[PDB]
>>> print(open('entry-v4.pdb').read())   # PDB, C-alpha atoms
ATOM      1  CA  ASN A   1      67.247 112.815 113.937
ATOM      2  CA  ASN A   2      69.634 110.023 112.481
ATOM      3  CA  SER A   3      71.933 112.602 110.841
ATOM      4  CA  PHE A   4      74.782 110.775 112.688
ATOM      5  CA  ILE A   5      75.608 107.705 114.729
ATOM      6  CA  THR A   6      77.631 107.646 117.937
ATOM      7  CA  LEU A   7      80.840 105.550 117.921
ATOM      8  CA  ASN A   8      81.540 103.484 121.052
ATOM      9  CA  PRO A   9      84.162 103.581 122.275
ATOM     10  CA  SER A  10      85.240 107.036 121.013
ATOM     11  CA  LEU A  11      88.238 107.120 118.654
ATOM     12  CA  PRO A  12      91.443 107.749 120.610
ATOM     13  CA  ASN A  13      93.315 111.082 120.317
ATOM     14  CA  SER A  14      90.278 112.594 118.521
ATOM     15  CA  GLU A  15      89.138 115.550 120.722
ATOM     16  CA  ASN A  16      88.560 118.820 118.756
ATOM     17  CA  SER A  17      88.848 117.015 115.369
ATOM     18  CA  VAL A  18      87.207 115.992 112.120
ATOM     19  CA  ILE A  19      88.523 112.587 110.899
ATOM     20  CA  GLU A  20      87.853 111.612 107.272
ATOM     21  CA  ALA A  21      87.910 107.857 106.608
ATOM     22  CA  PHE A  22      88.855 107.582 102.921
ATOM     23  CA  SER A  23      90.082 105.317 100.122
ATOM     24  CA  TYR A  24      92.394 106.501  97.319
ATOM     25  CA  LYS A  25      90.265 104.242  95.024
ATOM     26  CA  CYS A  26      86.967 106.022  95.841
ATOM     27  CA  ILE A  27      85.656 108.658  93.387
ATOM     28  CA  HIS A  28      83.717 110.422  96.176
ATOM     29  CA  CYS A  29      86.915 110.676  98.252
ATOM     30  CA  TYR A  30      88.752 112.003  95.180
ATOM     31  CA  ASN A  31      86.030 114.611  94.607
ATOM     32  CA  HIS A  32      86.216 115.798  98.253
ATOM     33  CA  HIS A  33      90.042 116.010  97.942
ATOM     34  CA  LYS A  34      89.845 118.112  94.740
ATOM     35  CA  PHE A  35      86.996 120.259  96.171
ATOM     36  CA  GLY A  36      89.013 121.060  99.347
ATOM     37  CA  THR A  37      86.295 119.899 101.799
ATOM     38  CA  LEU A  38      88.750 119.681 104.748
ATOM     39  CA  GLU A  39      90.331 123.101 103.926
ATOM     40  CA  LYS A  40      86.792 124.602 103.825
ATOM     41  CA  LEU A  41      85.964 123.022 107.211
ATOM     42  CA  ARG A  42      89.170 124.606 108.640
ATOM     43  CA  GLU A  43      87.967 128.012 107.272
ATOM     44  CA  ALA A  44      84.729 127.529 109.317
ATOM     45  CA  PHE A  45      86.362 125.809 112.344
ATOM     46  CA  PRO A  46      89.955 126.973 112.836
ATOM     47  CA  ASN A  47      90.186 125.299 116.331
ATOM     48  CA  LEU A  48      89.509 121.758 114.980
ATOM     49  CA  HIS A  49      92.262 119.402 113.759
ATOM     50  CA  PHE A  50      91.707 117.523 110.459
ATOM     51  CA  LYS A  51      93.057 113.996 109.991
ATOM     52  CA  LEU A  52      92.877 111.314 107.280
ATOM     53  CA  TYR A  53      92.087 107.700 108.247
ATOM     54  CA  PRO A  54      92.924 105.477 105.249
ATOM     55  CA  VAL A  55      90.528 102.480 104.908
ATOM     56  CA  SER A  56      92.854  99.530 104.389
ATOM     57  CA  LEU A  57      90.194  97.055 103.126
ATOM     58  CA  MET A  58      89.387  99.514 100.267
ATOM     59  CA  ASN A  59      93.084 100.341  99.503
ATOM     60  CA  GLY A  60      94.002  97.083  97.777
ATOM     61  CA  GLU A  61      97.091  94.883  97.799
ATOM     62  CA  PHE A  62      99.575  97.356  99.419
ATOM     63  CA  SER A  63      97.052  98.767 101.938
ATOM     64  CA  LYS A  64      99.286  98.000 104.989
ATOM     65  CA  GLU A  65     102.186  99.949 103.408
ATOM     66  CA  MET A  66      99.818 102.812 102.512
ATOM     67  CA  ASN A  67      98.747 102.931 106.218
ATOM     68  CA  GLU A  68     102.492 103.126 107.172
ATOM     69  CA  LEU A  69     103.016 106.112 104.815
ATOM     70  CA  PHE A  70      99.913 107.948 106.165
ATOM     71  CA  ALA A  71     101.076 107.294 109.767
ATOM     72  CA  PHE A  72     104.458 108.896 108.887
ATOM     73  CA  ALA A  73     102.739 111.842 107.119
ATOM     74  CA  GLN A  74     100.466 112.433 110.172
ATOM     75  CA  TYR A  75     103.528 112.344 112.532
ATOM     76  CA  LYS A  76     105.616 114.717 110.383
ATOM     77  CA  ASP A  77     102.690 117.146 109.764
ATOM     78  CA  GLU A  78     102.488 117.714 113.580
ATOM     79  CA  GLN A  79     106.177 118.674 113.631
ATOM     80  CA  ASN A  80     105.520 121.198 110.782
ATOM     81  CA  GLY A  81     102.297 123.055 111.904
ATOM     82  CA  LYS A  82     100.083 121.297 109.309
ATOM     83  CA  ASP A  83      97.231 118.823 109.141
ATOM     84  CA  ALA A  84      95.197 117.224 106.352
ATOM     85  CA  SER A  85      93.274 120.516 105.800
ATOM     86  CA  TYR A  86      96.467 122.169 104.352
ATOM     87  CA  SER A  87      97.212 121.426 100.665
ATOM     88  CA  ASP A  88     101.001 121.502 101.416
ATOM     89  CA  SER A  89     100.711 118.998 104.314
ATOM     90  CA  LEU A  90     102.462 115.664 103.771
ATOM     91  CA  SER A  91      99.042 114.042 104.378
ATOM     92  CA  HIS A  92      97.412 115.995 101.509
ATOM     93  CA  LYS A  93     100.401 115.482  99.192
ATOM     94  CA  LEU A  94     100.412 111.746  99.918
ATOM     95  CA  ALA A  95      96.640 111.407  99.258
ATOM     96  CA  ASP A  96      97.144 113.530  96.105
ATOM     97  CA  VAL A  97      99.886 111.342  94.528
ATOM     98  CA  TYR A  98      97.846 108.105  95.072
ATOM     99  CA  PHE A  99      94.609 109.710  93.736
ATOM    100  CA  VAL A 100      96.667 110.916  90.718
ATOM    101  CA  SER A 101      98.252 107.415  90.308
ATOM    102  CA  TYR A 102      94.837 105.711  90.247
ATOM    103  CA  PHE A 103      92.465 108.287  88.570
ATOM    104  CA  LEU A 104      94.847 110.237  86.219
ATOM    105  CA  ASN A 105      97.694 107.742  85.536
ATOM    106  CA  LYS A 106      95.558 104.523  85.201
ATOM    107  CA  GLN A 107      97.786 102.561  87.670
ATOM    108  CA  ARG A 108      95.805  99.691  89.315
ATOM    109  CA  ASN A 109      98.525  97.013  89.662
ATOM    110  CA  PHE A 110     102.140  97.058  91.004
ATOM    111  CA  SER A 111     104.290  93.899  90.587
ATOM    112  CA  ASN A 112     105.873  94.586  93.991
ATOM    113  CA  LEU A 113     105.765  96.909  96.983
ATOM    114  CA  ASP A 114     108.647  99.303  96.047
ATOM    115  CA  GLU A 115     106.975 100.588  92.794
ATOM    116  CA  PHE A 116     103.914 101.360  94.989
ATOM    117  CA  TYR A 117     105.872 102.593  98.069
ATOM    118  CA  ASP A 118     108.158 104.853  95.981
ATOM    119  CA  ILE A 119     105.187 107.045  94.845
ATOM    120  CA  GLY A 120     104.492 107.945  98.504
ATOM    121  CA  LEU A 121     108.168 108.311  99.458
ATOM    122  CA  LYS A 122     108.793 110.706  96.489
ATOM    123  CA  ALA A 123     105.722 112.841  97.428
ATOM    124  CA  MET A 124     107.022 113.294 101.006
ATOM    125  CA  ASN A 125     110.739 113.623 100.018
ATOM    126  CA  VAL A 126     111.753 110.791 102.382
ATOM    127  CA  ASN A 127     113.253 107.326 101.949
ATOM    128  CA  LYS A 128     112.066 103.877 103.019
ATOM    129  CA  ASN A 129     114.580 103.630 105.889
ATOM    130  CA  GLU A 130     113.450 106.974 107.435
ATOM    131  CA  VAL A 131     109.872 105.610 107.398
ATOM    132  CA  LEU A 132     111.068 102.225 108.833
ATOM    133  CA  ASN A 133     112.862 103.979 111.741
ATOM    134  CA  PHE A 134     109.607 105.886 112.561
ATOM    135  CA  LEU A 135     107.544 102.652 112.324
ATOM    136  CA  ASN A 136     109.832 101.124 115.017
ATOM    137  CA  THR A 137     108.488 103.613 117.645
ATOM    138  CA  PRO A 138     105.606 103.272 120.082
ATOM    139  CA  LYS A 139     103.880 106.387 118.657
ATOM    140  CA  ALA A 140     103.851 105.006 115.075
ATOM    141  CA  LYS A 141     102.282 101.730 116.376
ATOM    142  CA  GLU A 142      99.629 103.841 118.208
ATOM    143  CA  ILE A 143      98.743 105.837 115.024
ATOM    144  CA  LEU A 144      98.485 102.547 112.990
ATOM    145  CA  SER A 145      96.223 101.005 115.682
ATOM    146  CA  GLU A 146      93.923 104.059 115.401
ATOM    147  CA  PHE A 147      93.588 103.478 111.607
ATOM    148  CA  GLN A 148      92.212  99.945 112.245
ATOM    149  CA  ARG A 149      88.838 101.512 113.291
ATOM    150  CA  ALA A 150      88.541 103.030 109.735
ATOM    151  CA  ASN A 151      87.407  99.711 108.199
ATOM    152  CA  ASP A 152      84.181  99.293 110.262
ATOM    153  CA  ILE A 153      83.594 103.102 110.027
ATOM    154  CA  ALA A 154      83.703 102.851 106.190
ATOM    155  CA  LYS A 155      81.369  99.801 106.080
ATOM    156  CA  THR A 156      78.441 101.612 107.763
ATOM    157  CA  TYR A 157      77.592 104.138 104.942
ATOM    158  CA  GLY A 158      80.577 104.016 102.525
ATOM    159  CA  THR A 159      83.301 106.590 101.942
ATOM    160  CA  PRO A 160      84.193 109.222 102.664
ATOM    161  CA  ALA A 161      83.030 109.086 106.300
ATOM    162  CA  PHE A 162      83.404 112.201 108.453
ATOM    163  CA  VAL A 163      83.692 111.704 112.251
ATOM    164  CA  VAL A 164      83.485 114.678 114.673
ATOM    165  CA  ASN A 165      85.446 114.625 117.991
ATOM    166  CA  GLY A 166      86.060 110.828 117.655
ATOM    167  CA  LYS A 167      82.382 110.234 118.474
ATOM    168  CA  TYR A 168      79.805 111.395 115.901
ATOM    169  CA  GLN A 169      79.937 109.784 112.460
ATOM    170  CA  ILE A 170      77.911 111.819 109.885
ATOM    171  CA  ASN A 171      75.383 109.882 107.768
ATOM    172  CA  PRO A 172      76.136 111.035 104.153
ATOM    173  CA  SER A 173      72.356 110.961 103.356
ATOM    174  CA  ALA A 174      71.886 113.742 105.970
ATOM    175  CA  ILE A 175      73.706 116.384 103.854
ATOM    176  CA  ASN A 176      73.311 117.778 100.304
ATOM    177  CA  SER A 177      75.821 120.678 100.310
ATOM    178  CA  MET A 178      79.135 121.833 101.743
ATOM    179  CA  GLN A 179      77.190 124.244 104.023
ATOM    180  CA  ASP A 180      74.992 121.349 105.258
ATOM    181  CA  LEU A 181      78.239 119.512 106.204
ATOM    182  CA  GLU A 182      79.614 122.641 107.949
ATOM    183  CA  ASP A 183      76.369 123.145 109.905
ATOM    184  CA  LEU A 184      76.309 119.507 111.078
ATOM    185  CA  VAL A 185      80.031 119.643 112.057
ATOM    186  CA  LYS A 186      79.207 122.756 114.165
ATOM    187  CA  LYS A 187      76.255 121.009 115.891
ATOM    188  CA  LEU A 188      78.249 117.823 116.588
ATOM    189  CA  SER A 189      81.446 119.607 117.751
ATOM    190  CA  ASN A 190      79.309 121.604 120.308
ATOM    191  CA  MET A 191      77.635 118.468 121.866
TER     192      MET A 191
END
>>> encode(input="entry-v4.pdb", output="structure tokens")
Amino acid sequence: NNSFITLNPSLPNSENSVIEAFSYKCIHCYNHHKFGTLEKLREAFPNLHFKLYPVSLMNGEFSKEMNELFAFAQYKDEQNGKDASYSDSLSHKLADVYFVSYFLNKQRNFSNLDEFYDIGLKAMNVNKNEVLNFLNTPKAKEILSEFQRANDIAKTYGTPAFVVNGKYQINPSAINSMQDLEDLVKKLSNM
């Protein structure tokens, strides 16, 4: 069958989930963001959680700081009843501003971190110190550790990469359509 590979070990804190490993510099990731792929999967599968895993080796010079901002967004979205499948989540808004920066606003280079960091902080209506205080917590360090698996996940087939229940990574060649992706997420989430 080869429609998926099994990750070993499983991704932590992944049960009942679809994880999308993505880059803000990837056209395919941008197209899935604009299309609302994760929102559509929530329409089909309201009991699954949807999470973004940024791929730091594809996210350029300020990739570590981008991972920090996504860890904060993931944290805060849990406090607010949202995940990455809601357009008004902090995770979706944060992905949106960086996709807009790169694909609409032609920004490739920043001469220092704070020009880059400020885009994310403005999208989430927070400041650098609020993010720094969150980063200095065991739970933030745990979320950032989880994102380290995104790099090898992305290398297998490219981005985006969809992972079901922390275990089953979908081969992009196995699907043509949104409904093909839904059907495979159903099969894998019921294994």
>>> resolve_selection(input="entry-v4.pdb", expression="the PyMOL selection byres ((chain A and resi 134) around 12)", output="number ranges by chain")
A: 68-76, 126-133, 135-144
>>> closest_atom_pairs(input="entry-v4.pdb", of="range 64-154 of chain A", to="range 41-55 of chain A", cutoff="8 Å", atoms="only C-alpha atoms", output="Markdown table")
| residue | atom | partner | partner_atom | distance |
| --- | --- | --- | --- | --- |
| A:66 | CA | A:54 | CA | 7.9 |
| A:67 | CA | A:54 | CA | 6.4 |
| A:70 | CA | A:54 | CA | 7.5 |
| A:74 | CA | A:51 | CA | 7.6 |
| A:83 | CA | A:50 | CA | 5.8 |
| A:84 | CA | A:51 | CA | 5.3 |
| A:85 | CA | A:50 | CA | 5.8 |
| A:91 | CA | A:52 | CA | 7.3 |
| A:147 | CA | A:53 | CA | 5.6 |
| A:148 | CA | A:55 | CA | 7.9 |
| A:150 | CA | A:55 | CA | 5.2 |
| A:151 | CA | A:55 | CA | 5.3 |
| A:154 | CA | A:55 | CA | 7.0 |
>>> residues_near_point(input="entry-v4.pdb", point="(75.6, 105.3, 108.1)", cutoff="6 Å", atoms="all atoms listed in the file", output="PyMOL selection string")
chain A and resi 156-157+171
>>> atom_distance(input="entry-v4.pdb", atom1="CA of residue 93 in chain A", atom2="CA of residue 57 in chain A")
21.4 Å
>>> closest_residue(input="entry-v4.pdb", among="A:64, A:122, A:40, A:92", to="residue 181 in chain A", atoms="all atoms listed in the file")
A:40
>>> closest_residue(input="entry-v4.pdb", among="A:7, A:26, A:19, A:90", to="residue 185 in chain A", atoms="all atoms listed in the file")
A:19
>>> atom_distance(input="entry-v4.pdb", atom1="CA of residue 5 in chain A", atom2="CA of residue 176 in chain A")
17.7 Å
>>> resolve_selection(input="entry-v4.pdb", expression="the PyMOL selection byres ((chain A and resi 34) around 12)", output="MDAnalysis selection string")
chainID A and resid 27:33 35:40 85 87 92:93 95:96 99:100 103
>>> residues_around(input="entry-v4.pdb", residues="residue 62 in chain A", least_positions_apart="6", cutoff="10 Å", atoms="all atoms listed in the file", output="PyMOL selection string")
chain A and resi 56+109-110+112-114+116-117
>>> atom_distance(input="entry-v4.pdb", atom1="CA of residue 175 in chain A", atom2="CA of residue 6 in chain A")
17.0 Å
>>> axis_aligned_box(input="entry-v4.pdb", around="range 114-132 of chain A", padding_each_side="5 Å", output="JSON")
{"center_x": 109.2, "center_y": 106.5, "center_z": 100.8, "size_x": 20.7, "size_y": 24.3, "size_z": 26.0}
>>> decode(input="entry-v4.pdb", residues="range 128-164 of chain A", atoms="N, CA, C and O atoms", output="mmCIF file, in the first residue's frame")
data_model
loop_
_atom_site.group_PDB
_atom_site.id
_atom_site.type_symbol
_atom_site.label_atom_id
_atom_site.label_comp_id
_atom_site.auth_asym_id
_atom_site.auth_seq_id
_atom_site.Cartn_x
_atom_site.Cartn_y
_atom_site.Cartn_z
ATOM 1 N N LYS A 128 7.593 40.978 22.951
ATOM 2 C CA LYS A 128 8.729 40.034 22.999
ATOM 3 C C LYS A 128 8.862 39.489 24.416
ATOM 4 O O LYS A 128 9.144 38.312 24.607
ATOM 5 N N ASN A 129 8.706 40.332 25.423
ATOM 6 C CA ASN A 129 8.900 39.890 26.816
ATOM 7 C C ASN A 129 7.839 38.867 27.235
ATOM 8 O O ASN A 129 8.165 37.953 27.995
ATOM 9 N N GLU A 130 6.592 39.036 26.804
ATOM 10 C CA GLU A 130 5.538 38.028 27.098
ATOM 11 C C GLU A 130 5.950 36.693 26.485
ATOM 12 O O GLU A 130 5.872 35.648 27.181
ATOM 13 N N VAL A 131 6.477 36.712 25.265
ATOM 14 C CA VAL A 131 6.936 35.443 24.642
ATOM 15 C C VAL A 131 8.123 34.907 25.444
ATOM 16 O O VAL A 131 8.139 33.714 25.739
ATOM 17 N N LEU A 132 9.071 35.756 25.834
ATOM 18 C CA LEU A 132 10.282 35.307 26.574
ATOM 19 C C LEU A 132 9.870 34.651 27.884
ATOM 20 O O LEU A 132 10.460 33.630 28.259
ATOM 21 N N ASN A 133 8.906 35.221 28.600
ATOM 22 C CA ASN A 133 8.457 34.626 29.884
ATOM 23 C C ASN A 133 7.838 33.247 29.652
ATOM 24 O O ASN A 133 8.087 32.331 30.453
ATOM 25 N N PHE A 134 7.091 33.039 28.590
ATOM 26 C CA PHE A 134 6.565 31.708 28.208
ATOM 27 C C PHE A 134 7.718 30.770 27.853
ATOM 28 O O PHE A 134 7.699 29.614 28.288
ATOM 29 N N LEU A 135 8.711 31.232 27.125
ATOM 30 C CA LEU A 135 9.821 30.350 26.684
ATOM 31 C C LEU A 135 10.559 29.796 27.895
ATOM 32 O O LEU A 135 11.104 28.680 27.777
ATOM 33 N N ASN A 136 10.543 30.535 29.006
ATOM 34 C CA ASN A 136 11.278 30.157 30.243
ATOM 35 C C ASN A 136 10.426 29.224 31.108
ATOM 36 O O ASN A 136 10.557 29.287 32.331
ATOM 37 N N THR A 137 9.640 28.346 30.489
ATOM 38 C CA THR A 137 8.753 27.391 31.182
ATOM 39 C C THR A 137 9.014 26.012 30.626
ATOM 40 O O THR A 137 9.385 25.828 29.464
ATOM 41 N N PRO A 138 8.843 24.973 31.458
ATOM 42 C CA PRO A 138 9.075 23.620 30.983
ATOM 43 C C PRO A 138 8.189 23.255 29.792
ATOM 44 O O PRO A 138 8.619 22.561 28.891
ATOM 45 N N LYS A 139 6.952 23.740 29.776
ATOM 46 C CA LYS A 139 6.003 23.362 28.701
ATOM 47 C C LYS A 139 6.446 23.965 27.354
ATOM 48 O O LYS A 139 6.436 23.292 26.296
ATOM 49 N N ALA A 140 6.923 25.186 27.334
ATOM 50 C CA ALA A 140 7.451 25.791 26.103
ATOM 51 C C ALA A 140 8.619 24.944 25.568
ATOM 52 O O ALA A 140 8.716 24.660 24.361
ATOM 53 N N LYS A 141 9.555 24.553 26.449
ATOM 54 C CA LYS A 141 10.716 23.737 26.038
ATOM 55 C C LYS A 141 10.234 22.411 25.446
ATOM 56 O O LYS A 141 10.835 21.929 24.484
ATOM 57 N N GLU A 142 9.184 21.824 26.018
ATOM 58 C CA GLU A 142 8.596 20.563 25.507
ATOM 59 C C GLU A 142 8.035 20.786 24.096
ATOM 60 O O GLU A 142 8.244 19.947 23.195
ATOM 61 N N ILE A 143 7.257 21.837 23.885
ATOM 62 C CA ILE A 143 6.668 22.116 22.545
ATOM 63 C C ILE A 143 7.811 22.306 21.536
ATOM 64 O O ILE A 143 7.737 21.781 20.418
ATOM 65 N N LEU A 144 8.871 23.043 21.870
ATOM 66 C CA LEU A 144 9.997 23.305 20.954
ATOM 67 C C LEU A 144 10.728 22.009 20.623
ATOM 68 O O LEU A 144 11.141 21.787 19.471
ATOM 69 N N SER A 145 10.889 21.130 21.610
ATOM 70 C CA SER A 145 11.510 19.802 21.389
ATOM 71 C C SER A 145 10.707 19.041 20.348
ATOM 72 O O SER A 145 11.327 18.446 19.421
ATOM 73 N N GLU A 146 9.376 19.062 20.486
ATOM 74 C CA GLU A 146 8.483 18.342 19.546
ATOM 75 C C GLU A 146 8.767 18.836 18.117
ATOM 76 O O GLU A 146 8.830 18.014 17.169
ATOM 77 N N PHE A 147 8.957 20.123 17.915
ATOM 78 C CA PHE A 147 9.138 20.698 16.569
ATOM 79 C C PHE A 147 10.450 20.183 15.971
ATOM 80 O O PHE A 147 10.595 20.225 14.755
ATOM 81 N N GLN A 148 11.387 19.674 16.763
ATOM 82 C CA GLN A 148 12.670 19.238 16.158
ATOM 83 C C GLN A 148 12.416 18.058 15.201
ATOM 84 O O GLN A 148 13.174 17.901 14.245
ATOM 85 N N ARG A 149 11.369 17.257 15.429
ATOM 86 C CA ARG A 149 11.115 16.076 14.572
ATOM 87 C C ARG A 149 10.677 16.560 13.180
ATOM 88 O O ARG A 149 10.660 15.755 12.253
ATOM 89 N N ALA A 150 10.244 17.802 13.029
ATOM 90 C CA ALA A 150 9.666 18.310 11.753
ATOM 91 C C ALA A 150 10.707 18.264 10.648
ATOM 92 O O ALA A 150 10.338 18.097 9.490
ATOM 93 N N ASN A 151 11.990 18.430 10.987
ATOM 94 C CA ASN A 151 13.024 18.519 9.924
ATOM 95 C C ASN A 151 13.144 17.178 9.175
ATOM 96 O O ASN A 151 13.107 17.165 7.966
ATOM 97 N N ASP A 152 13.310 16.071 9.898
ATOM 98 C CA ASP A 152 13.433 14.754 9.218
ATOM 99 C C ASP A 152 12.096 14.396 8.560
ATOM 100 O O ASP A 152 12.097 13.785 7.501
ATOM 101 N N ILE A 153 10.972 14.746 9.168
ATOM 102 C CA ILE A 153 9.634 14.513 8.569
ATOM 103 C C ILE A 153 9.591 15.209 7.209
ATOM 104 O O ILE A 153 9.186 14.574 6.204
ATOM 105 N N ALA A 154 10.039 16.460 7.113
ATOM 106 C CA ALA A 154 9.956 17.224 5.859
ATOM 107 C C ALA A 154 10.881 16.627 4.793
ATOM 108 O O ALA A 154 10.607 16.755 3.585
ATOM 109 N N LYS A 155 11.998 16.042 5.203
ATOM 110 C CA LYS A 155 13.029 15.583 4.238
ATOM 111 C C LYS A 155 12.506 14.376 3.472
ATOM 112 O O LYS A 155 12.929 14.191 2.331
ATOM 113 N N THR A 156 11.615 13.589 4.054
ATOM 114 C CA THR A 156 11.213 12.309 3.416
ATOM 115 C C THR A 156 10.567 12.575 2.045
ATOM 116 O O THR A 156 10.941 11.905 1.049
ATOM 117 N N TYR A 157 9.550 13.440 1.972
ATOM 118 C CA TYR A 157 8.749 13.644 0.732
ATOM 119 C C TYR A 157 8.623 15.123 0.371
ATOM 120 O O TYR A 157 7.905 15.411 -0.580
ATOM 121 N N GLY A 158 9.123 16.032 1.199
ATOM 122 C CA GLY A 158 8.888 17.473 1.026
ATOM 123 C C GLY A 158 7.696 17.939 1.844
ATOM 124 O O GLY A 158 7.109 17.211 2.644
ATOM 125 N N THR A 159 7.331 19.188 1.625
ATOM 126 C CA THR A 159 6.301 19.870 2.421
ATOM 127 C C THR A 159 5.148 20.281 1.536
ATOM 128 O O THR A 159 5.277 20.515 0.314
ATOM 129 N N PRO A 160 3.945 20.418 2.120
ATOM 130 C CA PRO A 160 3.648 20.039 3.505
ATOM 131 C C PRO A 160 3.620 18.519 3.709
ATOM 132 O O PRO A 160 3.384 17.753 2.757
ATOM 133 N N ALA A 161 3.871 18.088 4.944
ATOM 134 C CA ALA A 161 3.727 16.697 5.353
ATOM 135 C C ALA A 161 2.670 16.562 6.419
ATOM 136 O O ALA A 161 2.731 17.316 7.420
ATOM 137 N N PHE A 162 1.688 15.725 6.178
ATOM 138 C CA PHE A 162 0.568 15.510 7.113
ATOM 139 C C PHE A 162 0.814 14.211 7.873
ATOM 140 O O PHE A 162 1.020 13.143 7.220
ATOM 141 N N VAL A 163 0.752 14.249 9.174
ATOM 142 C CA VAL A 163 0.992 13.110 10.082
ATOM 143 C C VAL A 163 -0.263 12.880 10.907
ATOM 144 O O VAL A 163 -0.722 13.835 11.573
ATOM 145 N N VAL A 164 -0.789 11.666 10.904
ATOM 146 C CA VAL A 164 -2.025 11.316 11.642
ATOM 147 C C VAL A 164 -1.660 10.574 12.931
ATOM 148 O O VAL A 164 -0.891 9.583 12.887
#
